[PDB]
Amino acid sequence: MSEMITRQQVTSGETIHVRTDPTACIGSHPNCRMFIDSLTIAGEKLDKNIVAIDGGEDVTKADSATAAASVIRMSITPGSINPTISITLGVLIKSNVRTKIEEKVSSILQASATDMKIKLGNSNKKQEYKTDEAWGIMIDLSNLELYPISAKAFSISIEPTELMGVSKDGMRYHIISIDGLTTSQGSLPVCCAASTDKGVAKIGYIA
């Protein structure tokens, strides 16, 4: 049982939870990490400016940016109709961009809440080093579109950190924590203990 997602959770329909270290997406280490190559929030496209490192990747060969955001935590509680989801993303942005994203989200959220979309790009394939000595995914988040259950259930915070220092162009690693989201996607690909433990987690209604 070292696996972030257990076969028991997937078979039973229990809450699925993933969590990595905040800067797991960078550096040379054997721990799990998740990141996505694009991210749009309330229509604002985040720049792909993080040189994120896929599992097992040789960091000395890493040069161009590979990620618009890291996924630091995610919680999905399956629902009969729609799931309830919270997510924590790490982005590299300037202070002025933080304020503009917050304002844009609030504006859409107050106008018509379900129109505020968060669209994730392709997630990395080597997220967790499995028990059979090969890398595999924890959850494939590629192309997932999330939106608020309602304005009242929704919460968002964007906080600056010194985790990646201050880039030469003034950007800091910020942590975006979002709660009260759901999605119309009915399932997600997952992988449990070993690389051969692939499955599909049903999370909601499939028409």
# chains A, B, ... in the order shown; residues from 1 in each chain; ligands from 1
$ residues_around --residues "residue A:109" --least-positions-apart "2" --cutoff "9 Å" --atoms "only C-alpha atoms" --output "PyMOL selection string"
chain A and resi 42+104-107+111-116+148+150-151+154
$ write_last_selection --atoms "C-alpha atoms" --output "short mmCIF file (atom, residue, chain, number, x, y, z; two decimals), in the first residue's frame"
data_model
loop_
_atom_site.label_atom_id
_atom_site.label_comp_id
_atom_site.auth_asym_id
_atom_site.auth_seq_id
_atom_site.Cartn_x
_atom_site.Cartn_y
_atom_site.Cartn_z
CA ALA A 42 -11.94 31.86 -16.78
CA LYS A 104 -11.69 37.64 -13.98
CA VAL A 105 -12.78 34.60 -12.00
CA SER A 106 -14.92 36.66 -9.64
CA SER A 107 -16.56 38.46 -12.56
CA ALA A 111 -22.38 36.82 -13.67
CA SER A 112 -23.12 33.11 -14.36
CA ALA A 113 -21.16 30.67 -12.26
CA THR A 114 -21.18 27.52 -14.41
CA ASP A 115 -19.58 29.40 -17.29
CA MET A 116 -16.30 29.80 -15.37
CA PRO A 148 -18.16 25.65 -10.31
CA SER A 150 -22.37 27.10 -7.82
CA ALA A 151 -21.14 30.50 -6.70
CA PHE A 154 -16.96 27.84 -4.91
#
$ select_by_dssp --residues "stretch 66-192 of chain A" --states "strand (DSSP E or B)" --output "number ranges by chain"
A: 67, 69-77, 84-94, 118-120, 123, 128-129, 135-136, 139, 145-148, 155-160, 166, 171-182, 187-191
$ closest_atom_pairs --of "stretch 11-43 of chain A" --to "stretch 47-59 of chain A" --cutoff "12 Å" --atoms "only C-alpha atoms" --output "Markdown table"
| residue | atom | partner | partner_atom | distance |
| --- | --- | --- | --- | --- |
| A:23 | CA | A:52 | CA | 9.4 |
| A:24 | CA | A:53 | CA | 8.6 |
| A:25 | CA | A:52 | CA | 5.0 |
| A:26 | CA | A:52 | CA | 5.2 |
| A:27 | CA | A:53 | CA | 6.9 |
| A:28 | CA | A:59 | CA | 6.6 |
| A:29 | CA | A:56 | CA | 8.3 |
| A:30 | CA | A:55 | CA | 7.2 |
| A:31 | CA | A:55 | CA | 8.0 |
| A:32 | CA | A:55 | CA | 7.4 |
| A:33 | CA | A:55 | CA | 7.3 |
| A:34 | CA | A:54 | CA | 8.1 |
| A:35 | CA | A:52 | CA | 7.2 |
| A:36 | CA | A:52 | CA | 9.1 |
| A:37 | CA | A:48 | CA | 6.6 |
| A:38 | CA | A:48 | CA | 6.4 |
| A:39 | CA | A:47 | CA | 8.2 |
| A:40 | CA | A:47 | CA | 9.4 |
| A:41 | CA | A:47 | CA | 11.6 |
$ write_last_selection --atoms "N, CA, C and O atoms" --output "CSV table (one decimal), in the first residue's frame"
chain,number,residue,atom,x,y,z
A,23,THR,N,6.9,21.6,-4.9
A,23,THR,CA,7.8,21.8,-6.0
A,23,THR,C,8.2,20.5,-6.6
A,23,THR,O,9.3,20.4,-7.2
A,24,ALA,N,7.4,19.5,-6.5
A,24,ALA,CA,7.8,18.1,-7.0
A,24,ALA,C,8.0,18.2,-8.5
A,24,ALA,O,8.8,17.3,-9.0
A,25,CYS,N,7.4,19.1,-9.2
A,25,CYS,CA,7.5,19.2,-10.7
A,25,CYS,C,8.9,19.6,-11.2
A,25,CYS,O,9.2,19.5,-12.3
A,26,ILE,N,9.7,20.1,-10.2
A,26,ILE,CA,11.1,20.4,-10.6
A,26,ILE,C,12.1,19.7,-9.8
A,26,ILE,O,11.8,19.0,-8.8
A,27,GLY,N,13.4,19.7,-10.3
A,27,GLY,CA,14.4,19.0,-9.5
A,27,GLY,C,14.6,17.5,-9.9
A,27,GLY,O,13.9,17.0,-10.7
A,28,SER,N,15.6,16.9,-9.2
A,28,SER,CA,16.0,15.5,-9.4
A,28,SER,C,15.6,14.7,-8.2
A,28,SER,O,16.3,14.8,-7.2
A,29,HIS,N,14.6,13.9,-8.3
A,29,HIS,CA,14.1,13.1,-7.1
A,29,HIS,C,13.3,12.0,-7.6
A,29,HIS,O,12.8,12.0,-8.7
A,30,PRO,N,13.0,11.0,-6.7
A,30,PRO,CA,12.2,9.8,-7.1
A,30,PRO,C,10.7,9.9,-6.8
A,30,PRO,O,10.0,8.9,-6.9
A,31,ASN,N,10.3,11.0,-6.3
A,31,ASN,CA,8.9,11.1,-5.8
A,31,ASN,C,7.9,11.5,-6.8
A,31,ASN,O,8.3,11.9,-8.0
A,32,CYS,N,6.6,11.3,-6.5
A,32,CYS,CA,5.6,11.6,-7.5
A,32,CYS,C,5.5,13.1,-7.9
A,32,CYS,O,5.8,14.0,-7.1
A,33,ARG,N,5.1,13.4,-9.1
A,33,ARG,CA,4.9,14.7,-9.5
A,33,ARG,C,3.9,14.7,-10.7
A,33,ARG,O,3.8,13.8,-11.5
A,34,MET,N,3.1,15.8,-10.7
A,34,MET,CA,2.0,15.9,-11.8
A,34,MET,C,2.1,17.3,-12.3
A,34,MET,O,2.3,18.3,-11.6
A,35,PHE,N,2.0,17.5,-13.6
A,35,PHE,CA,2.0,18.8,-14.2
A,35,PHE,C,1.3,18.7,-15.6
A,35,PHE,O,1.1,17.6,-16.1
A,36,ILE,N,0.8,19.9,-16.0
A,36,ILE,CA,0.0,20.0,-17.3
A,36,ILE,C,0.7,21.0,-18.2
A,36,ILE,O,1.2,22.0,-17.9
A,37,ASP,N,0.6,20.7,-19.5
A,37,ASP,CA,1.2,21.5,-20.5
A,37,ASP,C,0.5,22.8,-20.9
A,37,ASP,O,1.0,23.6,-21.7
A,38,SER,N,-0.7,22.9,-20.5
A,38,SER,CA,-1.5,24.1,-20.7
A,38,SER,C,-2.6,24.2,-19.6
A,38,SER,O,-2.9,23.3,-19.0
A,39,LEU,N,-3.0,25.5,-19.4
A,39,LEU,CA,-4.0,25.7,-18.4
A,39,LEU,C,-4.8,27.0,-18.7
A,39,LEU,O,-4.1,28.1,-18.9
A,40,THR,N,-6.1,26.9,-18.8
A,40,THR,CA,-6.9,28.1,-19.0
A,40,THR,C,-7.8,28.3,-17.8
A,40,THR,O,-8.5,27.3,-17.5
A,41,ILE,N,-7.9,29.5,-17.3
A,41,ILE,CA,-8.8,29.7,-16.2
A,41,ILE,C,-9.7,31.0,-16.5
A,41,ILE,O,-9.1,32.1,-16.7
$ closest_atom_pairs --of "stretch 160-196 of chain A" --to "stretch 71-77 of chain A" --cutoff "9 Å" --atoms "only C-alpha atoms" --output "JSON lines"
{"residue": "A:175", "atom": "CA", "partner": "A:72", "partner_atom": "CA", "distance": 8.7}
{"residue": "A:177", "atom": "CA", "partner": "A:73", "partner_atom": "CA", "distance": 8.8}
{"residue": "A:182", "atom": "CA", "partner": "A:76", "partner_atom": "CA", "distance": 8.7}
$ write_last_selection --atoms "N, CA, C and O atoms" --output "short mmCIF file (atom, residue, chain, number, x, y, z; two decimals), in the first residue's frame"
data_model
loop_
_atom_site.label_atom_id
_atom_site.label_comp_id
_atom_site.auth_asym_id
_atom_site.auth_seq_id
_atom_site.Cartn_x
_atom_site.Cartn_y
_atom_site.Cartn_z
N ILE A 175 0.44 29.55 -5.50
CA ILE A 175 -0.37 28.37 -5.31
C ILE A 175 -1.84 28.75 -5.44
O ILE A 175 -2.32 29.62 -4.72
N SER A 177 -5.56 27.55 -5.05
CA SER A 177 -6.39 26.51 -4.39
C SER A 177 -7.82 26.77 -4.73
O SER A 177 -8.32 27.83 -4.44
N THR A 182 -16.87 20.88 -10.17
CA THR A 182 -17.38 19.59 -10.58
C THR A 182 -16.98 19.49 -12.06
O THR A 182 -16.22 20.33 -12.54
#
$ residues_around --residues "stretch 3-17 of chain A" --least-positions-apart "4" --cutoff "12 Å" --atoms "only C-alpha atoms" --output "PDB file with C-alpha atoms, in the first residue's frame"
ATOM      1  CA  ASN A  31       8.883  11.117  -5.777  1.00  0.00           C
ATOM      2  CA  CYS A  32       5.574  11.621  -7.499  1.00  0.00           C
ATOM      3  CA  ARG A  33       4.874  14.736  -9.529  1.00  0.00           C
ATOM      4  CA  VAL A  71      -1.000  19.878  -9.975  1.00  0.00           C
ATOM      5  CA  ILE A  72      -0.063  19.753  -6.254  1.00  0.00           C
ATOM      6  CA  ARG A  73      -3.267  18.318  -4.815  1.00  0.00           C
ATOM      7  CA  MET A  74      -6.487  17.031  -6.089  1.00  0.00           C
ATOM      8  CA  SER A  75      -9.532  15.502  -4.432  1.00  0.00           C
ATOM      9  CA  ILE A  76     -12.385  13.911  -6.295  1.00  0.00           C
ATOM     10  CA  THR A  77     -15.433  12.505  -4.541  1.00  0.00           C
ATOM     11  CA  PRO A  78     -17.514  10.449  -7.001  1.00  0.00           C
ATOM     12  CA  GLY A  79     -21.114  11.433  -7.280  1.00  0.00           C
ATOM     13  CA  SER A  80     -24.300   9.771  -8.546  1.00  0.00           C
ATOM     14  CA  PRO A  83     -18.512  14.692  -8.537  1.00  0.00           C
ATOM     15  CA  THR A  84     -17.257  17.292  -6.041  1.00  0.00           C
ATOM     16  CA  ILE A  85     -13.711  18.363  -6.711  1.00  0.00           C
ATOM     17  CA  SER A  86     -11.001  20.511  -5.195  1.00  0.00           C
ATOM     18  CA  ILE A  87      -7.642  21.182  -6.843  1.00  0.00           C
ATOM     19  CA  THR A  88      -4.409  22.976  -6.007  1.00  0.00           C
ATOM     20  CA  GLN A 127       3.841  10.686 -12.323  1.00  0.00           C
ATOM     21  CA  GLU A 128       4.641   7.957  -9.772  1.00  0.00           C
ATOM     22  CA  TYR A 129       7.382   5.300  -9.620  1.00  0.00           C
ATOM     23  CA  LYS A 130       5.476   2.032  -9.249  1.00  0.00           C
ATOM     24  CA  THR A 131       6.158  -1.087  -7.204  1.00  0.00           C
ATOM     25  CA  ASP A 132       7.209  -2.979 -10.292  1.00  0.00           C
ATOM     26  CA  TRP A 135       6.840   4.878 -13.891  1.00  0.00           C
ATOM     27  CA  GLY A 136       3.077   5.190 -14.420  1.00  0.00           C
ATOM     28  CA  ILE A 137       0.300   7.738 -13.981  1.00  0.00           C
ATOM     29  CA  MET A 138      -1.638   8.338 -10.777  1.00  0.00           C
ATOM     30  CA  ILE A 139      -4.519  10.069 -12.647  1.00  0.00           C
ATOM     31  CA  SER A 187     -14.558   8.929 -15.561  1.00  0.00           C
ATOM     32  CA  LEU A 188     -10.794   9.330 -15.384  1.00  0.00           C
ATOM     33  CA  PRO A 189      -7.939   6.898 -16.196  1.00  0.00           C
ATOM     34  CA  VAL A 190      -5.925   5.948 -13.040  1.00  0.00           C
ATOM     35  CA  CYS A 191      -3.127   3.568 -12.098  1.00  0.00           C
ATOM     36  CA  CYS A 192      -2.591   2.025  -8.707  1.00  0.00           C
ATOM     37  CA  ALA A 193       0.323   0.194  -7.023  1.00  0.00           C
ATOM     38  CA  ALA A 194       2.081  -1.366  -9.956  1.00  0.00           C
ATOM     39  CA  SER A 195       2.366  -0.116 -13.562  1.00  0.00           C
ATOM     40  CA  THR A 196       0.080  -2.975 -14.647  1.00  0.00           C
ATOM     41  CA  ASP A 197      -2.668  -1.791 -12.175  1.00  0.00           C
ATOM     42  CA  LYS A 198      -4.472   0.491 -14.635  1.00  0.00           C
ATOM     43  CA  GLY A 199      -8.093   1.301 -14.187  1.00  0.00           C
ATOM     44  CA  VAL A 200     -10.888   3.741 -14.759  1.00  0.00           C
ATOM     45  CA  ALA A 201     -12.380   5.653 -11.883  1.00  0.00           C
ATOM     46  CA  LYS A 202     -16.080   6.380 -12.465  1.00  0.00           C
ATOM     47  CA  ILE A 203     -16.724   9.844 -11.030  1.00  0.00           C
ATOM     48  CA  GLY A 204     -20.093  10.844 -12.337  1.00  0.00           C
TER      49      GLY A 204
END
$ residues_around --residues "residue A:184" --least-positions-apart "4" --cutoff "10 Å" --atoms "only C-alpha atoms" --output "compact mmCIF listing (two decimals) with N, CA, C and O atoms, in the first residue's frame"
# COMPACT_ATOMS: atom_id res chain seq x y z
N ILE A 81 -24.58 11.86 -9.75
CA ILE A 81 -24.69 12.67 -10.93
C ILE A 81 -23.36 13.38 -11.25
O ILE A 81 -22.74 13.12 -12.28
N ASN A 82 -22.93 14.30 -10.39
CA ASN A 82 -21.68 14.99 -10.67
C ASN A 82 -20.78 14.86 -9.44
O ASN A 82 -21.27 14.80 -8.30
N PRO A 83 -19.46 14.81 -9.66
CA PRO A 83 -18.51 14.69 -8.54
C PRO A 83 -18.28 16.03 -7.87
O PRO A 83 -18.75 17.05 -8.37
N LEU A 144 -9.18 17.73 -19.01
CA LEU A 144 -10.31 17.80 -18.13
C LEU A 144 -10.81 19.23 -18.01
O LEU A 144 -9.99 20.14 -17.87
N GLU A 145 -12.14 19.43 -18.07
CA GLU A 145 -12.73 20.74 -17.90
C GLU A 145 -13.54 20.75 -16.60
O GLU A 145 -14.44 19.91 -16.39
N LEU A 146 -13.17 21.66 -15.73
CA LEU A 146 -13.85 21.79 -14.43
C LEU A 146 -14.63 23.11 -14.39
O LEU A 146 -14.28 24.09 -15.06
N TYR A 147 -15.67 23.16 -13.58
CA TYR A 147 -16.46 24.40 -13.49
C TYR A 147 -17.08 24.41 -12.10
O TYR A 147 -17.15 23.40 -11.44
N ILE A 203 -16.54 8.71 -11.94
CA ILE A 203 -16.72 9.84 -11.03
C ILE A 203 -18.06 10.51 -11.15
O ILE A 203 -18.41 11.30 -10.29
N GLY A 204 -18.81 10.20 -12.21
CA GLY A 204 -20.09 10.84 -12.34
C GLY A 204 -20.97 10.19 -13.37
O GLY A 204 -20.64 9.17 -13.91
N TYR A 205 -22.08 10.85 -13.67
CA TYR A 205 -23.04 10.37 -14.63
C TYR A 205 -22.49 10.38 -16.04
O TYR A 205 -21.83 11.33 -16.45
N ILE A 206 -22.69 9.29 -16.76
CA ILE A 206 -22.29 9.22 -18.18
C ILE A 206 -23.60 9.04 -18.99
O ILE A 206 -24.25 8.00 -18.90
N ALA A 207 -23.99 10.06 -19.75
CA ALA A 207 -25.25 10.01 -20.53
C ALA A 207 -25.25 8.90 -21.56
O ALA A 207 -24.18 8.61 -22.15
$ select_by_dssp --residues "stretch 106-149 of chain A" --states "helix (DSSP H, G or I)" --output "NGL selection string"
:A and (106-115)
$ write_last_selection --atoms "N, CA, C and O atoms" --output "PDB file, in the first residue's frame"
ATOM      1  N   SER A 106     -13.847  36.082 -10.398  1.00  0.00           N
ATOM      2  CA  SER A 106     -14.924  36.662  -9.642  1.00  0.00           C
ATOM      3  C   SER A 106     -16.006  37.245 -10.568  1.00  0.00           C
ATOM      4  O   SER A 106     -17.209  37.121 -10.304  1.00  0.00           O
ATOM      5  N   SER A 107     -15.590  37.883 -11.646  1.00  0.00           N
ATOM      6  CA  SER A 107     -16.558  38.464 -12.564  1.00  0.00           C
ATOM      7  C   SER A 107     -17.448  37.416 -13.252  1.00  0.00           C
ATOM      8  O   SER A 107     -18.648  37.634 -13.478  1.00  0.00           O
ATOM      9  N   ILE A 108     -16.844  36.307 -13.661  1.00  0.00           N
ATOM     10  CA  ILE A 108     -17.632  35.271 -14.324  1.00  0.00           C
ATOM     11  C   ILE A 108     -18.454  34.541 -13.306  1.00  0.00           C
ATOM     12  O   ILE A 108     -19.619  34.227 -13.533  1.00  0.00           O
ATOM     13  N   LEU A 109     -17.854  34.285 -12.168  1.00  0.00           N
ATOM     14  CA  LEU A 109     -18.550  33.612 -11.096  1.00  0.00           C
ATOM     15  C   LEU A 109     -19.818  34.354 -10.635  1.00  0.00           C
ATOM     16  O   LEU A 109     -20.819  33.708 -10.273  1.00  0.00           O
ATOM     17  N   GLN A 110     -19.778  35.692 -10.621  1.00  0.00           N
ATOM     18  CA  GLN A 110     -20.937  36.485 -10.186  1.00  0.00           C
ATOM     19  C   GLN A 110     -21.945  36.709 -11.316  1.00  0.00           C
ATOM     20  O   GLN A 110     -23.107  36.956 -11.069  1.00  0.00           O
ATOM     21  N   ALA A 111     -21.497  36.636 -12.551  1.00  0.00           N
ATOM     22  CA  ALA A 111     -22.380  36.820 -13.675  1.00  0.00           C
ATOM     23  C   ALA A 111     -23.151  35.508 -13.827  1.00  0.00           C
ATOM     24  O   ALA A 111     -24.343  35.466 -13.564  1.00  0.00           O
ATOM     25  N   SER A 112     -22.468  34.427 -14.207  1.00  0.00           N
ATOM     26  CA  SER A 112     -23.121  33.112 -14.363  1.00  0.00           C
ATOM     27  C   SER A 112     -22.077  32.077 -13.975  1.00  0.00           C
ATOM     28  O   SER A 112     -21.208  31.716 -14.761  1.00  0.00           O
ATOM     29  N   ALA A 113     -22.178  31.582 -12.760  1.00  0.00           N
ATOM     30  CA  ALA A 113     -21.163  30.674 -12.262  1.00  0.00           C
ATOM     31  C   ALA A 113     -20.733  29.450 -13.073  1.00  0.00           C
ATOM     32  O   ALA A 113     -19.534  29.152 -13.131  1.00  0.00           O
ATOM     33  N   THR A 114     -21.644  28.735 -13.720  1.00  0.00           N
ATOM     34  CA  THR A 114     -21.184  27.524 -14.405  1.00  0.00           C
ATOM     35  C   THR A 114     -20.397  27.767 -15.688  1.00  0.00           C
ATOM     36  O   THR A 114     -19.859  26.835 -16.294  1.00  0.00           O
ATOM     37  N   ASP A 115     -20.335  29.027 -16.101  1.00  0.00           N
ATOM     38  CA  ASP A 115     -19.576  29.403 -17.287  1.00  0.00           C
ATOM     39  C   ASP A 115     -18.101  29.614 -16.978  1.00  0.00           C
ATOM     40  O   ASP A 115     -17.322  29.856 -17.909  1.00  0.00           O
TER      41      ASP A 115
END
$ closest_residue --among "A:183, A:1, A:171, A:125" --to "residue A:96" --atoms "only C-alpha atoms"
A:171
$ atom_distance --atom1 "atom CA of residue A:102" --atom2 "atom CA of residue A:157"
8.1 Å
$ atom_distance --atom1 "atom CA of residue A:68" --atom2 "atom CA of residue A:149"
24.6 Å
